Amino acid sequence: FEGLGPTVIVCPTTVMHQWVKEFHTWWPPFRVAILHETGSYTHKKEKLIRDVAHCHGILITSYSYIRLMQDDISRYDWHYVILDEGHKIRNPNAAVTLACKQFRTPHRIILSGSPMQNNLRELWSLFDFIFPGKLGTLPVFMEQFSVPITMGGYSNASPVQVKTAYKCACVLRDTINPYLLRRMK
Amino acid sequence: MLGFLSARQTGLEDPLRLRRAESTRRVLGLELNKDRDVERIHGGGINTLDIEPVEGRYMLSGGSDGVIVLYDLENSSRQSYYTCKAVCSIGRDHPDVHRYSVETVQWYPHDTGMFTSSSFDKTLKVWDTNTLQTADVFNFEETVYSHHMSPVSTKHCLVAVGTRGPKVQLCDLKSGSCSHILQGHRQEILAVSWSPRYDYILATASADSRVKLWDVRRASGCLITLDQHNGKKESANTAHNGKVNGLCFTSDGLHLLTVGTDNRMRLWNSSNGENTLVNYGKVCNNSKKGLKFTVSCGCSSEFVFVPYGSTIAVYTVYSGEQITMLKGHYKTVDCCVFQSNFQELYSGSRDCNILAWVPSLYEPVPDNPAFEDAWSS
Amino acid sequence: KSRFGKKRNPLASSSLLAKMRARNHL
Amino acid sequence: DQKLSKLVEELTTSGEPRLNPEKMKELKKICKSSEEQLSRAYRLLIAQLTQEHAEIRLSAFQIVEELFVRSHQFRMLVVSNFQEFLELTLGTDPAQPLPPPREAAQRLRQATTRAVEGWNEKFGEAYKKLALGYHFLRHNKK
Amino acid sequence: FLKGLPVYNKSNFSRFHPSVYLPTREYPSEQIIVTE
Amino acid sequence: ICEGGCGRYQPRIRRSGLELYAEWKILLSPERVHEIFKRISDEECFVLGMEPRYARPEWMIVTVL
Amino acid sequence: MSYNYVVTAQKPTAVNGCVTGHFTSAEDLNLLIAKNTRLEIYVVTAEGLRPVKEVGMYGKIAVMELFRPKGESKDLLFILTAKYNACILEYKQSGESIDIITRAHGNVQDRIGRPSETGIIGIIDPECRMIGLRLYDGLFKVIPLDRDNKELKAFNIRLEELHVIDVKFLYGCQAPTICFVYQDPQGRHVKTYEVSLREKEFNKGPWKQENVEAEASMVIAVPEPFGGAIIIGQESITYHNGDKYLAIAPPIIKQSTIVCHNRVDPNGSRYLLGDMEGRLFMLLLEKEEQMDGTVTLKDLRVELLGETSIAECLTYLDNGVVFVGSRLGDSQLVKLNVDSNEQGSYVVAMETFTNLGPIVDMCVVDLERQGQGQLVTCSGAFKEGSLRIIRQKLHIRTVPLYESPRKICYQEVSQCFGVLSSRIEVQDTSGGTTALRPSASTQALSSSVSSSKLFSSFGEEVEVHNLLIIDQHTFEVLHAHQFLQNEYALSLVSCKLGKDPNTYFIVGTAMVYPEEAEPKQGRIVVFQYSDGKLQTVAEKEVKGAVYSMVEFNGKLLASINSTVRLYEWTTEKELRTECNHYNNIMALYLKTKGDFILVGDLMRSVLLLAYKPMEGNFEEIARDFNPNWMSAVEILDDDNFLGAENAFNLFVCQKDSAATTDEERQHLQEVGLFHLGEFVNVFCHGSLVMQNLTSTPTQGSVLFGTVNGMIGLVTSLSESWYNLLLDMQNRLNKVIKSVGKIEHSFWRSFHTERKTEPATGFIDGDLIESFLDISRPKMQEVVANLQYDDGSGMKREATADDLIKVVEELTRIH
Amino acid sequence: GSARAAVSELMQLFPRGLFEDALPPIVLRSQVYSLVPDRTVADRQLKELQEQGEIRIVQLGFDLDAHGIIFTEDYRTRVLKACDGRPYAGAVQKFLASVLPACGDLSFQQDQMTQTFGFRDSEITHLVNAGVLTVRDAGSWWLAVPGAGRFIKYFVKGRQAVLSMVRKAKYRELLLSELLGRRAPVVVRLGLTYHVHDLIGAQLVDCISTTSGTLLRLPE
Ligand SMILES: [Zn+2]
């Protein structure tokens, strides 16, 4: 492709209006279309999607819409998938997670100020989206990373177990650094 | 010979011409241990060999019984026909010995203080050469068939290991990693080999008759799945017609060499992946394990030494002609390595001896009592 | 009297190998 | 070339503990005259060996034993394919067994070994594949 | 014909019958050739 | 052998439990046998004791429960 | 460990490339002469070539091309070095100071890739939007010449054809096009590709591939009125333009092979061609004007123009004067005349620029017995082969032999030199062979033919070797001794063997046959020069080639293939074998100091053999196991061993100063490394200056001559004197910057296609000797906090006046 | 040695009348290597000469390296005279007018055939009806040659037969001049000359030259 191709952004419905404003106050040339029941065409939605794909513009979609049409959006060769509040795909077995992961674009970005909230399964789901290979399949990740670190956090493990938790955390901390920019206030 | 010398001091021919010409002449004159012998410590068959990247002096070896023996390959003695002694051996008495057969060993590029050996005991071990102990142990779910380290990359220390499982494993010496894994294959991965030209380019050969060119940085599948007949282009595009159990990049990395159990050998363009249609004749290959082979470097026309039953075959890499067969072994040969500086060959086979193939045509001048016919008159 | 190492052809298996022992001796 | 073919058949089908000398004399007289023909005779020998009827194999080995010691060219060809001769004579191949007669097969193997020690004692150093082969039989397969 | 060879100045070579440059002033190169 | 066909050595098809085998020991997939039966001519199936109108060999594999 | 010193007593004289263009100013035309590491810029004036500047780059000039980007006045210069350093230089004229500023610079070399067989090929686009580079097989570097960017991105394009012979940029194409000749097992073919920056790959060319002859070696692009390329081979000269192809097969080009070409007329009408036999040709393209307004080609014609030096590069300057640059012989300026000179030659040599060609061997000799040694070099290759006498002012005297001299040795008792000649002879139909030209062998005062009863491919070119005896004063061949048929003279020494007091010309030789590579038969014939005759006294038929011979304490020492054996003279005038040594591949070179022997092998590095008289056998004291192809060896002191590389490097070996075990002392240690950038052919002990006793810290002197003609000095240095010059060397780089912005540490770093290390144990004499010719204000930057060590050295610091003093005696060594 | 020439000779040898002018004359890539010594180039010439549209190389199943060659024009002329008058004659003609002159790949993918050639999922059986589309796998299928069954059955039978007698031969050698001179065995009907070329390409024998012509031997 020449330049920036068609880009899809998935954000919570309370965030779409803010996103469309920022594009209009930081780069006017970008054409931004929002997929919603209200919409802006008062007609069939497929049309808008097709138009966006054609003009190589920017399409903003609610999370529930990606679940509803998983076989329609993914076939139009999108160039970038940006997820605002990306922790919405934190559960690997959730249908929203399955729909989000169907994009074939190598470039996929998650915007989540709290990536992990509950466990390393939460982290693996997000990292399986941006980089499927980096952390392996969940059974290997569950056994080799999460179990040794969640067992060493208790203040009752044998001194070998705590050192295992440190080593597993150290290996996990530096296999995600280039793919996680985490800056606190 | 003399004309090459005279043309060098006169300046008609660039000095590289004589060196390449004399290098390729030595390869053609390869013959058995005219001035050498390898000390025998492997009770079982020898599976792998590797010459150190720098100074090409010490050679590792891995037997079918699990012992790994480090060798010495220069004449510290005045007399000829020296024996290649072993500086050290990691045998049964070692606490960290490969319990089962060790499949392939490799020197770490850029220094000789560390080397990695992977066995069928589902482990890749990092070793300290000086102290002969381990530093990192990488256990795997399935058996390990091969492992390669990038000989030219300086920004990373990733070691690529292909297991019996259908998915490549990328371990990083830096940190532990052991979690990066490449998907796209269907069966046992018998050969992995990095590209000497591009740091992050990896070639993986597996039993599904597919060889895939990967980029480790790439987060979306493979780059090229090499096909045989160059159709328009996966679950298709078979690289060979059986089980691809070999992989050897050329000297410059511009072309790929693959050997399968279809008794066929193919040469593939590294960038686009189209096969160059070099036929090579019939290359006998029934091995169900990783078949290790090498390609000559620093000669007029590059050669490839591939194991061929109980012999080693020499082919021109691009011309694809059979130069000669080095009939020295008694059992099937599975690994061959090339000494770039001296144009020598070392062959590991299953008769428990490493054979050295040294260039001939240099003999002592007398002033042979055994070389006569005894026919009656 | 060292037998291996040295004779540089990045990390010369001494900075890198200490990291392996700095994380596996745990 | 026709004559050498007839002699080879006669020695193999003689069916005696020792091959007839006259015929062996003729083979020898034919072998030296031409080196190419000697190579052809070598070729014939291996072919006769790879068939059947260990007694014929045993008779063939008597021919092979004579042409080794008195001909360096033949001495090279045996070394060049010493692996095949090792399976054909000693029956060391895991797949192919020694064909009948069983007593003749015993004689072929027993007579074959006694050569090898002398084979190695007189020509072991010069011919490196031969030295490896004798060590391979003695130490690997015992 | 063969002759008629080109000329650039008739005076050139018409009356036919060392120093090593060590730079001192430095001007930065406006371009640099790079290899991928 | 296949001998108008393709003349390839037909495998000796043997059965174990609910798994079908084929040697010459490639496991015989239900998808594989569905493919094979999908390309049988009507005349061949009729000669094969089958009524193409009512009983065609592909339908003897379970694709919809 | 070893403190050495490498200086140049004679700058290289063999040109590698000449380009004519407007580089100095837009009006006058320049002739830019590229010797090995030097760049002579001339200006064509009324009184001949008038020099303007000589500049020495920090590299071996591989390609130089003059190109003019649109919108810029003069012709900028593109220079590439053997270490793959690229630089675009423009001559800036500012009053009196003249500066060759570097417009663009950088190193273009891949981390892996075999250098090509033919060599580095550098071509500029005719309309100058790209710089095509052929550096390695299968690749093709492109450097787009666009002014807009702040940096030019050099990128590779893959070549489907691995063995490319010569590639040139075609003319008159709307898009860039390369026309190259490549070799496959099928044969040699010409194929044109179209290269695009916006795509970064190749496209199909204007015309489909043809088939050219099996020895085609040159591609000549033709300018706009014609277009297309001219392919030159050994037999035929072809033209391709897309639809028209016609080739000539002139019988004159049968004898030799065209190796250099130049354009006379800007419209491509005339081309000058030179061969290996010094002949000069003119290639003419016949015009064909059509009614449509386009001119086409009619036929091709080439004719003899005369004989010049053996040209490797020639250019047309002006007014019918052509420069003839010669690696083998002497560069010339020749005038093309309208008429002949009653000899059939249209050229006349106006002047000759001296050039010590391939210095195959040298001998240092002190005639008239002073402390000044005078150097006699075996220079020249085929026709300009001459003995050169180097005598301060570096005088040079030429003795044209008109053949190839191989080895030289001085015999003081006979007051004569001995040189080994070799002349090229074309076999005739009478069963023998005839000389092509009169030579020193055929123009000798007396002649003899070797007659040895050791033993009893027609129509080819046969080489016959001779031994010449040269008078010390008159320098005329008193005696030519032609050797046997198909016999090559390899080594020659003058020595007195045994207790017999007569001095002999003992020469080793090998017999060469076309049916096999490494010779298996040879002779060790002893000669004596008495009363104007060269009688034969002994003869020893060795089985091999006698590559090198030395005298070992009254016993002859010779190398035969892979065997270095010793021959002792007997009372009955015979040679016998005493001690042999077989652990070698090819003992090409041998030296000796005392009872020690240094052996240089073709593959392995130097080896220090020893001779213990008590047991009468050889002993391998130590061996350098590093793989290094050898060109010359020398024993500096009893512990320092000097050797020359195949890849233009010098190394110094030492006998394992810390020798503790038996395996440690076996290993010779390479303690000094240096990239001379030139192929050393001979090492000789001696000096060219007044030999001084008192306090001369530059201990020793070893002259070496190279292929391109440099004569240099290698001298051991003291511990303290190595140090203060080294940091003086280090600080001298920060003041006098190079021309292509090449780091001096990079240019002098040891380089081989499998190993690259920084230089050590070597001080570049040329760099520190350049401390003299800097202005005083910039000298202070060199000497800021310098500590001078003398004797005990109680921290006396240093000043500018101190450092000019010390370097001065470092200028009087050579 | 030209591949254009090489393929032509084999074509002449073919027993055209033996198959009642139904199977187009197959020649093998194995016997191509017999006439041309340098195989390395034989594939290269046939490769461009494949996309040149004057040859069809069909993959067969008697071994892994089974690649047959059918003349394009003859491949065309024979399918119509075989397809016409049958239910499958419909879209096979389309396959001919669309697929053959636009592609030269040995096997067609599912998405390829359905999309590029606009093929439905119902008429695809008709091509499978009479030797037009073989079955490589679920996703791909090699190009077929109708009526190839009988050929390979006789071909494999013949190869085994010739191999057997060669082995049986006394001292395990049999002069090539002794094949042509001797009457061809009735077991193999494709032609004794046809098969001897096949083993040469398959390297089951080596063309050893001697004073008495050239000789073939089993590999050692
Ligand atoms: Zn079938």
# chains A, B, ... in the order shown; residues from 1 in each chain; ligands from 1

$ residues_near_ligand --ligand "ligand 1" --cutoff "8 Å" --atoms "only C-alpha atoms and all ligand atoms" --output "list in words"
residues 2, 3, 4, 5, 6, 7 and 8 of chain F; 149 of chain H

$ write_last_selection --atoms "N, CA and C atoms" --output "mmCIF file, in the first residue's frame"
data_model
loop_
_atom_site.group_PDB
_atom_site.id
_atom_site.type_symbol
_atom_site.label_atom_id
_atom_site.label_comp_id
_atom_site.auth_asym_id
_atom_site.auth_seq_id
_atom_site.Cartn_x
_atom_site.Cartn_y
_atom_site.Cartn_z
ATOM 1 N N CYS F 2 -4.774 -49.990 -9.292
ATOM 2 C CA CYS F 2 -5.934 -49.305 -9.853
ATOM 3 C C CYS F 2 -6.200 -49.726 -11.293
ATOM 4 N N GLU F 3 -5.144 -50.036 -12.048
ATOM 5 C CA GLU F 3 -5.211 -50.426 -13.463
ATOM 6 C C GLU F 3 -6.231 -49.621 -14.267
ATOM 7 N N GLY F 4 -8.039 -47.175 -16.932
ATOM 8 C CA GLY F 4 -8.757 -45.919 -17.050
ATOM 9 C C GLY F 4 -8.635 -45.042 -15.819
ATOM 10 N N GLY F 5 -8.078 -45.604 -14.750
ATOM 11 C CA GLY F 5 -7.902 -44.870 -13.513
ATOM 12 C C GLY F 5 -6.561 -44.175 -13.420
ATOM 13 N N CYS F 6 -5.786 -44.503 -12.385
ATOM 14 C CA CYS F 6 -4.457 -43.937 -12.204
ATOM 15 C C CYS F 6 -3.369 -44.977 -11.993
ATOM 16 N N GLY F 7 -3.714 -46.253 -11.855
ATOM 17 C CA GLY F 7 -2.722 -47.315 -11.774
ATOM 18 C C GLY F 7 -1.768 -47.211 -10.604
ATOM 19 N N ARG F 8 -2.275 -46.864 -9.427
ATOM 20 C CA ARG F 8 -1.466 -46.771 -8.224
ATOM 21 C C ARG F 8 -1.801 -47.923 -7.286
ATOM 22 N N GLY H 149 -4.991 -44.640 -16.789
ATOM 23 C CA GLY H 149 -4.918 -45.864 -16.002
ATOM 24 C C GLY H 149 -4.178 -46.998 -16.678
#

$ residues_around --residues "range 30-34 of chain E" --least-positions-apart "2" --cutoff "8 Å" --atoms "only C-alpha atoms" --output "PDB file with N, CA and C atoms, in the first residue's frame"
ATOM      1  N   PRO E  28      32.413  19.892   6.581  1.00  0.00           N
ATOM      2  CA  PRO E  28      31.669  18.638   6.744  1.00  0.00           C
ATOM      3  C   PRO E  28      31.034  18.188   5.437  1.00  0.00           C
ATOM      4  N   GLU E  36      22.396  -0.752   3.811  1.00  0.00           N
ATOM      5  CA  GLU E  36      21.427  -1.444   4.652  1.00  0.00           C
ATOM      6  C   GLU E  36      21.971  -2.789   5.123  1.00  0.00           C
TER       7      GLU E  36
ATOM      8  N   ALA G  86      33.819   4.507  -0.328  1.00  0.00           N
ATOM      9  CA  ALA G  86      33.329   5.336  -1.416  1.00  0.00           C
ATOM     10  C   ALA G  86      33.448   6.804  -1.045  1.00  0.00           C
ATOM     11  N   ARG G 103      32.494  15.598  -1.050  1.00  0.00           N
ATOM     12  CA  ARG G 103      31.069  15.894  -1.107  1.00  0.00           C
ATOM     13  C   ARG G 103      30.248  14.801  -0.436  1.00  0.00           C
ATOM     14  N   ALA G 104      30.588  13.541  -0.689  1.00  0.00           N
ATOM     15  CA  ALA G 104      29.886  12.410  -0.102  1.00  0.00           C
ATOM     16  C   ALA G 104      30.889  11.312   0.202  1.00  0.00           C
ATOM     17  N   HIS G 105      30.701  10.636   1.331  1.00  0.00           N
ATOM     18  CA  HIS G 105      31.628   9.595   1.739  1.00  0.00           C
ATOM     19  C   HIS G 105      30.889   8.528   2.526  1.00  0.00           C
ATOM     20  N   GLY G 106      31.469   7.342   2.541  1.00  0.00           N
ATOM     21  CA  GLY G 106      30.917   6.219   3.265  1.00  0.00           C
ATOM     22  C   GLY G 106      31.529   4.925   2.795  1.00  0.00           C
ATOM     23  N   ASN G 107      31.318   3.884   3.588  1.00  0.00           N
ATOM     24  CA  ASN G 107      31.836   2.558   3.284  1.00  0.00           C
ATOM     25  C   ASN G 107      30.700   1.672   2.799  1.00  0.00           C
ATOM     26  N   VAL G 108      30.884   1.064   1.630  1.00  0.00           N
ATOM     27  CA  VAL G 108      29.863   0.208   1.041  1.00  0.00           C
ATOM     28  C   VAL G 108      30.366  -1.227   0.984  1.00  0.00           C
ATOM     29  N   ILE G 143      23.864   3.391  -6.007  1.00  0.00           N
ATOM     30  CA  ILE G 143      23.946   4.615  -5.224  1.00  0.00           C
ATOM     31  C   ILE G 143      23.288   5.732  -6.023  1.00  0.00           C
ATOM     32  N   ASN G 149      18.392  14.479  -0.946  1.00  0.00           N
ATOM     33  CA  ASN G 149      18.562  13.790   0.326  1.00  0.00           C
ATOM     34  C   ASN G 149      19.800  14.294   1.057  1.00  0.00           C
ATOM     35  N   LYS G 150      19.810  14.103   2.373  1.00  0.00           N
ATOM     36  CA  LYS G 150      20.992  14.376   3.180  1.00  0.00           C
ATOM     37  C   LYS G 150      21.959  13.201   3.207  1.00  0.00           C
ATOM     38  N   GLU G 151      21.573  12.064   2.636  1.00  0.00           N
ATOM     39  CA  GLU G 151      22.410  10.874   2.619  1.00  0.00           C
ATOM     40  C   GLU G 151      21.926   9.959   1.503  1.00  0.00           C
ATOM     41  N   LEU G 152      22.867   9.424   0.730  1.00  0.00           N
ATOM     42  CA  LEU G 152      22.549   8.527  -0.373  1.00  0.00           C
ATOM     43  C   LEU G 152      22.425   7.108   0.161  1.00  0.00           C
ATOM     44  N   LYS G 153      21.309   6.457  -0.150  1.00  0.00           N
ATOM     45  CA  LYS G 153      21.054   5.099   0.316  1.00  0.00           C
ATOM     46  C   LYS G 153      21.548   4.108  -0.730  1.00  0.00           C
ATOM     47  N   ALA G 154      22.656   3.436  -0.437  1.00  0.00           N
ATOM     48  CA  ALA G 154      23.152   2.382  -1.308  1.00  0.00           C
ATOM     49  C   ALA G 154      22.412   1.087  -0.997  1.00  0.00           C
TER      50      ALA G 154
END

$ select_by_dssp --residues "chain F" --states "strand (DSSP E or B)" --output "list in words"
residues 12, 13, 14, 15, 16, 19, 20, 21, 22, 23, 26, 27 and 28 of chain F

$ write_last_selection --atoms "N, CA and C atoms" --output "short mmCIF file (atom, residue, chain, number, x, y, z; two decimals), in the first residue's frame"
data_model
loop_
_atom_site.label_atom_id
_atom_site.label_comp_id
_atom_site.auth_asym_id
_atom_site.auth_seq_id
_atom_site.Cartn_x
_atom_site.Cartn_y
_atom_site.Cartn_z
N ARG F 12 -3.96 -51.42 1.56
CA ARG F 12 -4.71 -52.45 2.27
C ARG F 12 -5.43 -51.80 3.45
N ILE F 13 -6.73 -51.58 3.30
CA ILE F 13 -7.50 -50.84 4.29
C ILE F 13 -7.90 -51.78 5.41
N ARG F 14 -7.43 -51.48 6.62
CA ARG F 14 -7.76 -52.25 7.81
C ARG F 14 -8.40 -51.35 8.85
N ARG F 15 -9.17 -51.97 9.74
CA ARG F 15 -9.99 -51.25 10.70
C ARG F 15 -9.55 -51.56 12.13
N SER F 16 -9.58 -50.52 12.96
CA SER F 16 -9.37 -50.66 14.40
C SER F 16 -10.36 -49.75 15.10
N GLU F 19 -11.39 -46.26 14.00
CA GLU F 19 -10.32 -45.68 13.21
C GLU F 19 -10.02 -46.58 12.02
N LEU F 20 -9.96 -45.98 10.84
CA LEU F 20 -9.64 -46.69 9.61
C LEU F 20 -8.19 -46.41 9.23
N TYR F 21 -7.48 -47.44 8.80
CA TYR F 21 -6.06 -47.35 8.51
C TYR F 21 -5.79 -47.63 7.04
N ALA F 22 -4.56 -47.34 6.62
CA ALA F 22 -4.15 -47.56 5.24
C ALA F 22 -2.63 -47.61 5.19
N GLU F 23 -2.09 -48.76 4.76
CA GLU F 23 -0.65 -48.92 4.60
C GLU F 23 -0.30 -49.26 3.16
N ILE F 26 -0.82 -44.77 7.25
CA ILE F 26 -1.52 -43.49 7.24
C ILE F 26 -2.93 -43.68 7.76
N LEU F 27 -3.30 -42.93 8.80
CA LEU F 27 -4.66 -42.95 9.31
C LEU F 27 -5.62 -42.38 8.27
N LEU F 28 -6.76 -43.04 8.11
CA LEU F 28 -7.75 -42.67 7.11
C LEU F 28 -8.77 -41.74 7.75
#

$ closest_atom_pairs --of "chain H" --to "chain G" --cutoff "12 Å" --atoms "only C-alpha atoms" --output "CSV"
residue,atom,partner,partner_atom,distance
H:1,CA,G:186,CA,11.4
H:2,CA,G:186,CA,11.8
H:38,CA,G:185,CA,10.1
H:40,CA,G:185,CA,10.1
H:41,CA,G:186,CA,8.8
H:42,CA,G:186,CA,11.8
H:44,CA,G:186,CA,11.7
H:45,CA,G:186,CA,11.7

$ interface_residues --of "chain G" --to "chain C" --cutoff "9 Å" --atoms "only C-alpha atoms" --output "list in words"
residues 755, 756 and 757 of chain G

$ select_by_dssp --residues "range 14-126 of chain D" --states "helix (DSSP H, G or I)" --output "PyMOL selection string"
chain D and resi 21-33+35-49+54-69+72-80+82-90+102-123

$ residues_around --residues "residue 270 in chain G" --least-positions-apart "6" --cutoff "6 Å" --atoms "only C-alpha atoms" --output "JSON, numbers by chain"
{"G": [264, 283, 284]}

$ write_last_selection --atoms "C-alpha atoms" --output "CSV table (one decimal), in the first residue's frame"
chain,number,residue,atom,x,y,z
G,264,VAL,CA,38.4,9.3,-29.1
G,283,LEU,CA,38.1,0.7,-33.7
G,284,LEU,CA,35.9,2.7,-36.1

$ residues_around --residues "residue 169 in chain G" --least-positions-apart "4" --cutoff "10 Å" --atoms "only C-alpha atoms" --output "PyMOL selection string"
chain G and resi 123-127+130-132+173+176-180+192-194+219-222+228-229

$ write_last_selection --atoms "N, CA, C and O atoms" --output "short mmCIF file (atom, residue, chain, number, x, y, z; two decimals), in the first residue's frame"
data_model
loop_
_atom_site.label_atom_id
_atom_site.label_comp_id
_atom_site.auth_asym_id
_atom_site.auth_seq_id
_atom_site.Cartn_x
_atom_site.Cartn_y
_atom_site.Cartn_z
N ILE G 123 30.53 1.83 -12.29
CA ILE G 123 30.03 2.50 -13.48
C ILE G 123 29.06 3.59 -13.07
O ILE G 123 28.26 3.41 -12.15
N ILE G 124 29.14 4.73 -13.75
CA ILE G 124 28.27 5.87 -13.50
C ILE G 124 27.23 5.91 -14.61
O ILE G 124 27.53 5.58 -15.77
N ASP G 125 26.01 6.31 -14.26
CA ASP G 125 24.97 6.44 -15.27
C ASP G 125 25.37 7.51 -16.28
O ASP G 125 25.93 8.54 -15.89
N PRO G 126 25.12 7.29 -17.57
CA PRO G 126 25.51 8.31 -18.56
C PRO G 126 24.87 9.66 -18.32
O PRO G 126 25.52 10.69 -18.54
N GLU G 127 23.62 9.69 -17.87
CA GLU G 127 22.99 10.92 -17.44
C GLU G 127 23.02 11.07 -15.92
O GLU G 127 22.38 11.97 -15.38
N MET G 130 22.64 7.39 -11.04
CA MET G 130 22.95 6.25 -10.20
C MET G 130 24.41 5.88 -10.39
O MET G 130 25.01 6.19 -11.42
N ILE G 131 24.97 5.21 -9.38
CA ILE G 131 26.33 4.68 -9.44
C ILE G 131 26.22 3.17 -9.29
O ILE G 131 26.00 2.66 -8.19
N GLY G 132 26.39 2.45 -10.40
CA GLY G 132 26.34 1.00 -10.35
C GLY G 132 27.65 0.44 -9.85
O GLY G 132 28.72 0.81 -10.34
N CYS G 173 18.80 5.94 -23.32
CA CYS G 173 17.63 5.23 -22.84
C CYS G 173 16.89 6.11 -21.85
O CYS G 173 17.51 6.73 -20.98
N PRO G 176 17.39 4.02 -16.89
CA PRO G 176 18.74 3.45 -16.81
C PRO G 176 18.76 2.00 -17.26
O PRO G 176 17.83 1.23 -17.00
N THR G 177 19.84 1.62 -17.94
CA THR G 177 20.00 0.28 -18.46
C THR G 177 21.44 -0.16 -18.32
O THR G 177 22.36 0.61 -18.62
N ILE G 178 21.64 -1.39 -17.87
CA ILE G 178 22.96 -2.00 -17.78
C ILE G 178 23.04 -3.10 -18.83
O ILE G 178 22.11 -3.90 -18.97
N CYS G 179 24.14 -3.13 -19.57
CA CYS G 179 24.43 -4.19 -20.52
C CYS G 179 25.65 -4.94 -20.01
O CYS G 179 26.75 -4.38 -19.95
N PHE G 180 25.47 -6.20 -19.64
CA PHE G 180 26.54 -6.98 -19.04
C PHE G 180 26.67 -8.33 -19.72
O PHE G 180 25.70 -8.87 -20.27
N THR G 192 20.54 -7.35 -20.93
CA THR G 192 20.32 -5.97 -20.51
C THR G 192 19.18 -5.92 -19.50
O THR G 192 18.11 -6.48 -19.75
N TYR G 193 19.41 -5.25 -18.38
CA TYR G 193 18.40 -5.03 -17.36
C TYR G 193 18.10 -3.54 -17.25
O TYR G 193 18.94 -2.69 -17.54
N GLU G 194 16.89 -3.24 -16.80
CA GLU G 194 16.46 -1.87 -16.55
C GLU G 194 16.25 -1.71 -15.05
O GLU G 194 15.49 -2.46 -14.44
N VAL G 219 32.65 -4.81 -22.56
CA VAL G 219 31.41 -4.22 -23.03
C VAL G 219 31.64 -2.73 -23.16
O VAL G 219 31.96 -2.06 -22.17
N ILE G 220 31.48 -2.20 -24.37
CA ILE G 220 31.72 -0.80 -24.66
C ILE G 220 30.40 -0.16 -25.04
O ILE G 220 29.86 -0.44 -26.12
N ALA G 221 29.87 0.69 -24.17
CA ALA G 221 28.68 1.45 -24.51
C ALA G 221 29.01 2.49 -25.57
O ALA G 221 30.10 3.07 -25.58
N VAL G 222 28.07 2.72 -26.48
CA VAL G 222 28.27 3.65 -27.59
C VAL G 222 27.39 4.87 -27.37
O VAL G 222 26.23 4.72 -26.97
N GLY G 228 23.49 1.36 -27.87
CA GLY G 228 23.89 -0.03 -27.78
C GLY G 228 25.30 -0.19 -27.25
O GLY G 228 25.96 0.76 -26.82
N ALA G 229 25.77 -1.43 -27.29
CA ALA G 229 27.06 -1.79 -26.73
C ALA G 229 27.87 -2.58 -27.75
O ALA G 229 27.32 -3.24 -28.63
#

$ closest_atom_pairs --of "chain G" --to "chain B" --cutoff "6 Å" --atoms "only C-alpha atoms" --output "JSON lines"
{"residue": "G:112", "atom": "CA", "partner": "B:252", "partner_atom": "CA", "distance": 5.9}
{"residue": "G:113", "atom": "CA", "partner": "B:252", "partner_atom": "CA", "distance": 4.7}
{"residue": "G:358", "atom": "CA", "partner": "B:10", "partner_atom": "CA", "distance": 5.0}
{"residue": "G:517", "atom": "CA", "partner": "B:1", "partner_atom": "CA", "distance": 5.3}
{"residue": "G:518", "atom": "CA", "partner": "B:1", "partner_atom": "CA", "distance": 5.6}
{"residue": "G:620", "atom": "CA", "partner": "B:78", "partner_atom": "CA", "distance": 6.0}
